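Below is one structure; the comments refer to it alone.
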Amino acid sequence: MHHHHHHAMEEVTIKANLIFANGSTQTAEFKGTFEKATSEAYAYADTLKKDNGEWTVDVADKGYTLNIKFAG
Ligand SMILES: [Zn+2]
Ligand SMILES: [Zn+2]
Ligand SMILES: [Zn+2]
Ligand SMILES: [Zn+2]
Ligand SMILES: [Zn+2]
Ligand SMILES: [Zn+2]
């Protein structure tokens, strides 16, 4: 599943919904090919690990939404 016809020029938006240990939240958007935008989203989560703890992801909306939670 998650069937995808790749095109170098494809343009999509990946939405990352972040939830932190204290319940605070934020959403960040990443644009580019599906693959590159997805990589950038996870890269952002990694930059936040030092201050917010390890993260866990639950993928939604056929891959266009990444619900990421930080353990603190
Ligand atoms: Zn699957
Ligand atoms: Zn094609
Ligand atoms: Zn198809
Ligand atoms: Zn693609
Ligand atoms: Zn490509
Ligand atoms: Zn710090």
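Cβ placement follows ideal geometry from the backbone for every residue including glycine, while neighbour counts extend to all protein chains displayed. Just so you know, all these numbers are worked out from the coordinates, no wet-lab data involved.
Tabulated values for the structure
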| item | result |
| --- | --- |
| Value at 222 nm in deg cm²/dmol, rounded to 500, when DSSP H runs of n ≥ 4 in the chain each add -39,500 (n - 2.57) | -9000 deg cm²/dmol |
| Under 19 Å between alpha carbons - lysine pairs in the chain that sit 8 or more apart or on different chains | 9 |
| Listed peptides 48-56, 11-19 by packing density, highest first (mean Cβ within 10 Å) | 11-19, 48-56 |
| ³J(HN,Hα) computed for each position of the stretch 29-38 - Karplus, 6.51 cos²θ - 1.76 cosθ + 1.60, integer Hz, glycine/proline x | 10, 10, 10, x, 5, 4, 5, 6, 5, 4 |
| Sequence-separation-based contact order of the chain, relative, with Cα cut under 8 Å and 6+ spacing, percent | 35 percent |
| Computed lengthening from residue 58 to residue 13, 0.36 nm per intervening residue step minus Cα-Cα distance | 14.5 nm |
| Karplus 3J(HN,Hα) series, Hz, for the stretch 56-72 with 6.51 cos²θ - 1.76 cosθ + 1.60 (x for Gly, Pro) | 10, 10, 10, 7, 9, 6, 6, x, 7, 10, 10, 9, 10, 10, 9, 7, x |
